[PDB]
Amino acid sequence: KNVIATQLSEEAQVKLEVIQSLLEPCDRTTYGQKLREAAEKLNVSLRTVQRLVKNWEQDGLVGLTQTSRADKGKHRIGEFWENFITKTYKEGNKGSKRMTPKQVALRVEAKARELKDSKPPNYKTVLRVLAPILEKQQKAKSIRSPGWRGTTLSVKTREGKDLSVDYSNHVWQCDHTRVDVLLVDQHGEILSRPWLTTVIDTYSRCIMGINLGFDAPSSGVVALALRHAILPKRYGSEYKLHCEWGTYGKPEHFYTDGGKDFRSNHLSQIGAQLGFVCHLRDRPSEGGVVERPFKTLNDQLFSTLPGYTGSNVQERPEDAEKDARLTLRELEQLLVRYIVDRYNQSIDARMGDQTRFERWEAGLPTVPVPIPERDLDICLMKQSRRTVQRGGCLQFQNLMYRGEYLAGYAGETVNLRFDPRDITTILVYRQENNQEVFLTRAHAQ
Amino acid sequence: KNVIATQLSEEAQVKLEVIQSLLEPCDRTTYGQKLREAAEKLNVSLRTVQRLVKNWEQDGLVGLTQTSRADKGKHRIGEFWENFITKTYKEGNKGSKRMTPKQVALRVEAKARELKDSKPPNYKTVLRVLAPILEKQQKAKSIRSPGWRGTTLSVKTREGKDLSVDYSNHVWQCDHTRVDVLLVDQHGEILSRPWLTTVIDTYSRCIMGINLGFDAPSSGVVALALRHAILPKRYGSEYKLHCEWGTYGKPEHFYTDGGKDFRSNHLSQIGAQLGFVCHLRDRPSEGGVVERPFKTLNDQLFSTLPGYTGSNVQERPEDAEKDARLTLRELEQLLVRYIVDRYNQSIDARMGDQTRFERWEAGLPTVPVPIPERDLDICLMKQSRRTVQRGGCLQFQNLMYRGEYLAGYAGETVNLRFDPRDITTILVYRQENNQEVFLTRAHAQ
Amino acid sequence: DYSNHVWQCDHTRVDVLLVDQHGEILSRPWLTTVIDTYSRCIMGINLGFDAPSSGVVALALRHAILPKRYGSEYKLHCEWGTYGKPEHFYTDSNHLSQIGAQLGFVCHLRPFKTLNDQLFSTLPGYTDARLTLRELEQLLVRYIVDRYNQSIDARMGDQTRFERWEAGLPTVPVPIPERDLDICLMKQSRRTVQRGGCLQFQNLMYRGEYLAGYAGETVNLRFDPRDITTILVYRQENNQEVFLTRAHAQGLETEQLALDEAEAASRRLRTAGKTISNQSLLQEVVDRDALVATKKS
Amino acid sequence: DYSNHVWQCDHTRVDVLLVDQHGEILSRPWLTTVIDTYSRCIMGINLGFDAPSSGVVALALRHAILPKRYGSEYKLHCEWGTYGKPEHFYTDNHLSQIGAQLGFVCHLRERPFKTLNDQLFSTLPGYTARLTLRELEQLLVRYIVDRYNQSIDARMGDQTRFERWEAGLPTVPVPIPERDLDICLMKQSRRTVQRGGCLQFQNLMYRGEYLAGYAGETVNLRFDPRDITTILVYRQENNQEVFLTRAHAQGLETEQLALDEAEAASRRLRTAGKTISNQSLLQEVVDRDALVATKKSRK
DNA sequence: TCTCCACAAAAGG
DNA sequence: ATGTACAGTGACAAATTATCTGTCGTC
DNA sequence: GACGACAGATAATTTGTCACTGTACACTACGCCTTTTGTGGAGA
DNA sequence: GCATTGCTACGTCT
DNA sequence: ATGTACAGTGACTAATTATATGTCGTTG
DNA sequence: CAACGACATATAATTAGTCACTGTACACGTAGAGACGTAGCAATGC
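Residues numbered from 1 in each chain as written, not as in the entry; some residues may be left out. Chains lettered and ligands numbered in written order. Heavy atoms only, no water. Residues with missing side-chain atoms left out of burial classes, pairs and counts.

Quick word on a negative patch on the surface
Residue and element names in this part refer to chain D.
So, step 1. A surface patch of negative charge is lined by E79, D158, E163 and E166.
So, step 2. Here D158 shows up in the loop between α4 (133–148) and α5 (161–167).
So, step 3. On the basis of relative accessibility, which here comes to 67%, the residue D158 falls in the exposed class. (Patch = residues over 30% accessible without salt bridge, like charges linked within 9 Å, V, L, I, M, F, W, Y side chains within 5 Å. Areas by Shrake-Rupley, 256 points an atom, 1.4 Å probe, with all protein chains shown as cover. Salt bridge = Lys/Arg side-chain N within 4 Å of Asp/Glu carboxyl O. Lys, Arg positive; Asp, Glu negative; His and termini not counted. Charge placed at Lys NZ, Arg CZ, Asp CG, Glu CD. Helix = DSSP H or I, 4+ residues; strand = E, 2+ residues; numbered from the N terminus. Buried < 20%, exposed > 50% of the residue type's maximum accessible area, 1.4 Å probe, protein only.)

Things to note about the sheet that holds strand β7 (residues 253–255) of chain B
Residues and elements named next belong to chain B.
So, step 1. Spatial strand order, β6-β5-β4-β7-β8: five strands in an open sheet with mixed pairing. Edge positions in the open sheet fall to β6 (207–213) and β8 (278–279), since each of these has one partner strand only.
So, step 2. Of the strand pairs in this sheet, β7 and β8 are connected by two bridges, and their pairing is parallel. Along β8, the bridge assignment pairs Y255 with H279.
So, step 3. Contacts from helix α7 (residues 219–230) reach β4 (171–178), β5 (195–201), β6 and β7, with the element oriented near 140° to β6. (Pairing = 2+ DSSP bridges. Contact = heavy atoms within 4.5 Å. Axes fitted to C-alpha atoms, helices over the stretch in contact; angles between N-to-C directions.)

Some remarks on the pairing of strand β11 (residues 218–224) of chain D
In the case of a regular strand, side chains alternate between the two sheet surfaces.
All names here are of chain D.
So, step 1. Across the seven residues of β11, six count as buried, placing the element largely inside the fold.
So, step 2. Here strand β8 (residues 186–192) pairs with β11 via five bridges, running antiparallel. Looking at β11, one finds that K187 is bridged to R222.
So, step 3. The sheet contact formed by β11 and strand β12 (residues 227–236) spans five bridges and is antiparallel. Paired with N220 across the two strands is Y234, which belongs to β12.

Some thoughts on the packing of helix α11 (residues 328–343) of chain B against helix α7 (residues 279–294) of chain D
A pair of packed helices is characterised by two quantities: the angle between their axes and the separation of those axes.
So, step 1. Relative orientation of the contacting elements α11(B) and α7(D) amounts to 165°, with a least axis distance of 9 Å. The angle between α11(B) and α7(D) falls in the class roughly antiparallel. Here α11(B) runs over α7(D); the crossing is left-handed. Between α11(B), through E330(B), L334(B), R337(B), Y338(B), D341(B) and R342(B), and α7(D), the contact on the second element is made entirely by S280(D), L281(D), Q283(D), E284(D), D287(D), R288(D) and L291(D).
So, step 2. Among the residues forming the contact of α11(B) with α7(D), the class breakdown is four nonpolar, two polar and seven charged. (Parallel < 35°, antiparallel > 145°, perpendicular 65-115°, else oblique. Left-handed = near helix turned anticlockwise from the far one by under 90°. Nonpolar A, V, L, I, M, F, W, Y, C, P; charged D, E, K, R; others polar.)

Thoughts on the nonpolar core
Residues and elements named next belong to chain C.
So, step 1. In this structure, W7, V34, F89, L103 and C184 are the most contacted members of the largest nonpolar core, which totals 30 residues.
So, step 2. Those elements giving two or more residues to this core turn out to be β1 (7–13), β3 (41–48), α1 (54–65), α2 (95–103), α5 (161–167) and β10 (227–236).
So, step 3. If you tally residues by element for this core, the top one is α1, at seven residues.
So, step 4. Each of domain 1 (7–179) and domain 2 (185–274) accounts for three or more of the residues forming this core. (Core = buried A, V, L, I, M, F, W, Y, C linked by side-chain atoms within 4.5 Å. Domains from an automatic or database assignment.)

So, the protein's contact with DNA strand I
So, step 1. Every one of the 37 residues lining DNA strand I counts as a neighbour, but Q300(A), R350(A), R356(A), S45(B) and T48(B) are closest to it.
So, step 2. Protein-proximal atoms of DNA strand I, defined as those within 4 Å of the protein, fall in sugar or phosphate at a share of 57%.
So, step 3. Taking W148(A), its main chain carries an N or O atom lying 2.7 Å from a phosphate oxygen of DNA strand I.
So, step 4. The separation between a phosphate oxygen of DNA strand I and a polar side-chain atom of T48(B) is 2.3 Å.
So, step 5. Contributions of two or more residues to the surface near DNA strand I are made by α9 (288–300) of chain A together with α3 (46–59), α5 (101–114) and α6 (123–141) of chain B.
So, step 6. If you tally residues by element for the surface near DNA strand I, the top one is α9(A), at five residues.
So, step 7. Taken together, the residues of the surface near DNA strand I break down into 10 nonpolar, 13 polar and 14 charged. (Near = heavy atom within 4 Å. Polar contact = N/O pair within 3.5 Å; in protein donor to acceptor, adjacent residues only side chain to side chain.)

Some words on the domain arrangement of chain C
Residue and element names in this part refer to chain C.
So, step 1. With domains assigned, chain C is organised as domain 1 (7–179) and domain 2 (185–274).
So, step 2. Each of domain 1 and domain 2 was reduced to a C-alpha centroid, and the two centroids are 26 Å apart.
So, step 3. Counting from both sides, the interface comprises 15 residues of domain 1 and, opposite them, 18 residues of domain 2.
So, step 4. The junction of domain 1 with domain 2 conceals about 1,500 Å² of combined surface from both sides, 50% of it contributed by carbon and sulfur atoms.
So, step 5. Inspection of the domain 1/domain 2 interface yields three salt bridges.
So, step 6. Close ionic contact of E261 with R134 constitutes a salt bridge, the shortest N to O distance being 3.1 Å.
So, step 7. Remark: the boundary between domain 1 and domain 2 carries three residue pairs in polar contact.
So, step 8. Broken down by secondary-structure element, the contributors of at least two residues to the side of domain 1 that touches domain 2 are α1 and α4 (133–148).
So, step 9. Of the residues contributing to the side of domain 1 that touches domain 2, the split by class is six nonpolar, three polar and six charged. (Buried area = accessible area lost by both parts, 1.4 Å probe.)

A word on the sheet that holds β1(C)
Residue and element names in this part refer to chain C.
So, step 1. Spatially, β3-β2-β1-β4-β5 is the arrangement adopted by the five strands of the open sheet, whose pairing is mixed. Every interior strand has two partners, whereas the edge strands, β3 and β5 (106–109), have only one. When the angles between neighbouring strand axes are averaged without regard to direction, this sheet yields 20°.
So, step 2. Pairing geometry for strand β2 (residues 30–36) and β3, over seven bridges, is antiparallel. Within β3, the position partnered with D36 by the bridge is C41.
So, step 3. Along the sheet face, α1 touches β1, β2, β3 and β4 (88–91) and points at about 135° away from the line of β3.

A short note on helix α2 (residues 95–102) of chain D
So, step 1. Counting buried positions along α2(D) gives seven out of eight residues, so the element sits mostly inside the fold.
So, step 2. Among the residues of α2(D), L95(D), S96(D), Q97(D), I98(D), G99(D), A100(D) and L102(D) are the ones counted as buried.

A look at the arrangement of the chains
So, step 1. Taking contact number as the criterion, the leading pair out of five pairs of chains in contact is chains B and D.
So, step 2. The two units chain C and chain D remain apart, with a minimum C-alpha distance of 27 Å.

With respect to the protein's contact with DNA strand E
Residue and element names in this part refer to chain A.
So, step 1. Residues in close proximity to DNA strand E include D257, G258, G259, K260, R263, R386, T387, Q395, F396, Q397 and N398, which together make up its full environment.
So, step 2. Taking all atoms of DNA strand E within 4 Å of the protein, the share assigned to sugar and phosphate is 91%.
So, step 3. Between DNA strand E and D257, the relevant distance is 3.0 Å, taken from a sugar or linking oxygen to a side-chain nitrogen or oxygen of the residue.
So, step 4. At a separation of 2.4 Å, a phosphate oxygen of DNA strand E approaches a polar side-chain atom of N398.
So, step 5. Within the residue set of the surface near DNA strand E, elements represented by two or more residues are β9 (382–387) and β10 (395–396).
So, step 6. For the surface near DNA strand E, the per-class residue count stands at one nonpolar, six polar and four charged.

Next up, the structure:
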């Protein structure tokens, strides 16, 4: 409901200079005398300066600068041609079809010879007409999200509810990425780019734990990352750590995308055994807390390394293959040292006064009791349902073995939890009430 | 050798006016009056005007404006820190590694801590020191090539010799691309993106022939494109052609890259038979007559098609798989009409006054007589060398054979040529006095 | 003459040493005042750390022209009922001339001791720095509305200075709407608009009604440093800036917020960031460089 | 007073209609002539289609100041002995710049165009369309040197204009080296130097020494429209341009080329391009639009 | 006619 | 001496409205 | 010294021209991997 | 044995 | 109300030199 | 009554730091597909 004049246009600046003599209160005679005297200041008539003072009275400082012509931003090619150009660009750019202004001009010429119009809009005119559309598309593609501020935080879910994050282990985020560093075996030969599965607290933004390996994102890989993030951290002298990764504990929630490794039955049993509920995210940007740090690892650690592939194939160096020198072990030592000594000790962006580890430790509702390795290993074990034949001898994945207290239930279907790295020994359970109890183990014989 | 002052400021303009008022010849008594008048109008001392006229006469209008200080572009941090920053940036960006100026500032801070220096250069200073290097690198990667001008033209070969292009059908360039348009089969289902093998005359830049198909680039696909280019082009009413593809004949030189289909012994056969001398290109930029048409095809025809995948992963629309609706036959129709009606009828940009086809036809030394299409097919046949036994028992490609004249000729290695599309019937040749002759179409059993 | 005829604006440096709410010792403030010359009554004040410039004079004039409303925290007894626009204005580039032309009065480009005696001398830190900008401003406003404006001048003394001002007005002045005074406010340029109609100012998020459609665009901010809870958003058209809306701060723990307080919060956050040691950072960097140099071949 | 004194510059619309090499008509040229005061000698000339402005008077002044070397194609049996710098340059924002740079005084305040028209221009076929600018300027140089400088003006003594000018020299003026007059030449502001140190100017490729190291940079161009076979490269600093090198045109069918001839060649090529039909392309694009319109999605 | 145990297909990243 | 060209652009002349700017007239 | 009619007069836009230049063409993602969910052969 | 004819894999190029 | 957050930048200030600039004294 | 060097005071032009703001990558992702010549080997008829 107001207009303020800026960039006063030195012509309009001296126009303001003259308009400040007419402002002083005066009688008719000297007002007219200075009107005429100021007419020669800018070499105009007296009706012109009359109109000047009238416009300055009506519009203020914006009446001193000449207004833009009402035809600015419009086109004289006609409404029909303008609509034709805009609609042709809109339809030719529908879907995967990409249509440049030159193609629009060609179609304009085609329609003109169809309609026998001897003056089709020029290609330059087409570019000028379509410039606002391209500009607004560029503005739309460069939209910045404000992000969360302060300590209050919630994560949207596919179920539609908002998962509040309020404690230091309330919600854990886990996601996968392919590291932009080509690694090398013990001899000097390229193996592959490893997979980075990271576990990060949502409330503290501290890295709960990581999984770096050559295996693709699977239920077992997520289980390894969860095991690292849950168990207390112990690193030897090879990692020249100055600080400690004093991080451990169970989560109460698990926030991941819709990957098959995260929607697996194995993850459901893992959550039901460790007392956390797995949740979905509607959009990848909802898991930004776990998803931004990858970039931080690229911009601070991976870009500095002899083998490096960039963000995509457009920026991938041609030197990446022959510059590859780092093993998985060396890369993982560098990564762990970066996380412990830089990333976790770095300041949480929203807070500005706390490190990520300080926020994590301070925000713990209670000091969690460390979970023994055996219980957690049993918890993250792949399981199914199987029965036992006569005389025991339960067979599992084209292998057979028998233990004790097994033949007596021949004909009862029981749970079967195992580690898919040492299949020789498995755990046979039994649902013996509405409760399920550890029957025995099936060991290879 | 010469220095000219331009873009002088408004203050420089008033100084120029005062120097013009001071330039009219006069006498000491009246010269001094305007000297101190200049001093007064410049609100400076007379000796300042003395220095002004001195530097104006000793330098020109360059001395009229104040010269930039010698520290412009210099850095006050010190030569040591200058060299350290530059060396750190250069070393860290050597190879696939990429060190940003922020990491250079971090290393500067670390070194200052090691040197017990409490005044290291700031990160902004590191950015300022490294800005010239970055601008020079960008300018290096953004250098334009003048290209050839006029009618004369030569192509550099990997052998190091320059091959002259003098007339039509003298040098033919053939190359493969992966079309950026997804295709569907009958009833609607995507298959792949077709391969496009283009053969184009170098003297005229007119497309001699094309081969569009899902089969990968191979000696067979190059042979198909060569047959299309050599033979006269006849197209049915389904191709709604307005003009005629009247390009045909056999070249004397074949300028291709180092692709395996082009260095194959099959292509050497084609050259020996039809009369080619196949040549290689040291760099892809040396085959620009055959690469730029790919860009033109993508820009003018392929980008407007429904199922379109831009030549990138970064520029690929998300609708390409769902927008994919065209077939190989319809794509071939559109491509052939684009070449016949639009491309060959377009201006050769090097000359600017004649079409590519008109240049090709006018550049023909003698009007050629076309092959009757049976000798040409025999020419583009895969060759081998087999041994005939037991009065004729050829076993080529694990198939039985027996000719009619092959009984007596059963103790000599016979030249064998065939077309992989049909192994049922083959051709057998002798080798007598550095010659050959056809024996019989050895049929299969 | 008469009331609201000629106004004079003068600057001084308050001898009181001020500190922020967190205790960090700041500089001494600059006090700017506008005086109704015919009545010698205080018109408007601008108490801040900015050196006397065109913007400070504009802010003081904006305070003087507009009607005055103060909260209960000022503990005011009388009400500051002085307003209206002057016919003249006296002060120490071309900004003031533009403001005067826009608001319809002539601006000419050329009482501190009575405040420094009975107010500034009494206050702590005069010439132990314990007063903040808000506290000093509260004390000054209470003193001005309760003592100086309610005082009786040495000459023709028969009524309060506020009463002399009120009786000397030929006609009650029609109030100028607040928006028309936006020319006098502090200005920030090239401020991007984010999704949902938000922009960042002084490390705070400002949600604005009728701003979602300008996300991705650039707007200009006008604000009052005394209260930056609500800022004003403008669109630049290369010759003029047009009002859009008033953007409101979010996440504030207090209903009042000034520019000095936000700057102090940002300063506290920056200092707390700087106390985070980075020896581990540099050590990791140098050993990573050593490790990559080891693999070099 | 003496010979090298007030120089007068006047503008005339030459009434000889001209055509390019290929026959396309061109507007009547302009003439800008510098003339001495002590003598009635033509000091220097500039004939071109460009209207009066700072650049044309600057070019004419540069011609007047410099020594004149003319090829044998001019058939000049008398040499032009003009050189030197005047005390004043009465002519008519920019001219004062060269005035201060060289030393003379420029002023924005008996034109000899009438005798030029009545003795030479009326003879020309296109007098007010078979003469190019080069032939017109050859004939003009012929008239100025052999028939004008050698016109003994009896009203000004028994000596001719050239020898009156020569006798009026207090001393032989040392000629200004041509580089110090690049301010008087025409300018092209931004020009990208390409690989190998080449420039693309007036649809021609220009190559010069010391330019390979400036590939990717931007340089200024100073050129004389009479002869664009050589152009001057200048590199732009904060407030000045420094001479860099001379760039020579490549692929020239003739040893001499003017700006008018390059423009004519570009015009001929553009006309040849525009004369090529476009109906087939428009039919093709319309039919491709129709074909993609009929085809169905995967619904 | 159930239990192991392969395949293939769809659907996410 | 020389990669290849086409979309896109900068600088500018040409065409076209549209406000502007002087005169009369009535205030 | 206020306004409106009313008619040229600038001049501020759009429109079209054309010489110059940036940059993609250089084989390249739909494939890999995983995990659940049928469906069907060997056996009990 | 000893010479053909098939394979498979590996380097290399696009 | 709210995705994340770090590298680079813009606008400003403070420190740091490099000349600009008003006398004094010699020079014709 | 104006040129030419010191000179020492004074701007002021240049750089070095500050610090709030903003753009933009993080979102599984090119080493693989395919072809062709050049070795090794094996089936195999004499």
